[PDB]
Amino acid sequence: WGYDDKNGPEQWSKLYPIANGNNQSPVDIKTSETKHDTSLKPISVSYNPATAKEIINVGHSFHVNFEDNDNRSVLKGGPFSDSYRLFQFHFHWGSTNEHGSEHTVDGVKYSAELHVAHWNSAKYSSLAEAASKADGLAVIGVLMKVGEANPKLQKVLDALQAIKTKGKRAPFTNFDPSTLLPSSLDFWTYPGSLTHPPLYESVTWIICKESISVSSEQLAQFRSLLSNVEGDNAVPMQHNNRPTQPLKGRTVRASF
């Protein structure tokens, strides 16, 4: 699977039928149709920079992975009673500045999107166990709006020169990804899925109301990453965003 016309989102359903499920992500958030929910607690993140482990080129994207052997780095509050353990962050982007976000807000497409992914360590003993369970994953989505260079991205962008081609990986240490989040943690939440195969309907989405910035040149760095292995013909990673999917009558709740 990939993002090409042949192996891309519109074809995913052939091998992964859950693509046509009732809890697929991402979605268009219609602000007129959101339900303000008084029970929602503030989102609480507490990440230890010592849990940062590795940056990896996975061909369709790059990931920054965290040591997840204990509760040093955790998400709490919002719609959750359980504590969720940080394991990864990554981005999505588009071929142009005009699209690239996965979530949209009232039809508006942002240039990119940050995903900070966590697993339910109260109920489950590993990411592998948690990953397929309705209450297994919690992902914070931050919409990224093209404008001023974002200095908080600096360590991440500087690391890409070491993982230019598929499969390449490097230590990525001493980094707290709560530095990338907007200063307001007002959010939307809805029950949904991983936005690429295997598309498990295991994610509680936390979508920040406030966007963070990214420059056109910072976006060019993401797209200058190569999907091919070293020595092969260069194939830029131009985009990796899934189209919005039907709500099929789910409710997006607002903390605000």
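In this text, residue numbers run from 1 along the sequence as written.
Practice task
Look over 108-116 and 80-88 in the entry and identify the one with the greater average Cα temperature factor.
Solution key: According to the entry, 80-88 carries the higher average C-alpha B-factor.
Exercise for the section: Pick between 10-18 and 236-244: the one whose mean CA B-factor in the entry is higher. Expected result: Per the PDB record, 10-18.
Practice task
Can you pull the Cα B-factors for 223, 30, 63, 60 from the entry and say which is highest?
Solution key: Reading the PDB entry, the winner on C-alpha B-factor is 30.
Handout entry: Residue selected from 203, 43, 212, 55 by maximal Cα B factor
Key = Result of the comparison over 203, 43, 212, 55: 43.
Practice task
Would you mind ranking residue 167 by its C-alpha B-factor against the rest of the chain and naming the third, lowest, middle or highest?
Solution key: Answer is middle: the recorded C-alpha B-factor places it there.
Handout entry: Chain-wide C-alpha B factor ranking for residue 102, given as lowest, middle or highest third
Key = Residue 102: CA B-factor falls in the lowest third of its chain.
Problem - Chain third (lowest, middle, highest) by recorded CA B-factor, residue given as residue 195 - result: It belongs to the lowest third of the chain when residues are ordered by C-alpha B-factor.
Handout entry: Ranked C-alpha temperature factor of residue 157 among modelled chain residues, by third
Key = For residue 157, whose C-alpha B-factor we compare with every modelled residue in the chain, the answer is the middle third.
Exercise for the section: Would you check the entry's CA temperature factor for residue 151 and let me know if it's in the chain's lowest, middle or highest third? Expected result: According to the entry, residue 151 has a C-alpha B-factor in the chain's highest third.
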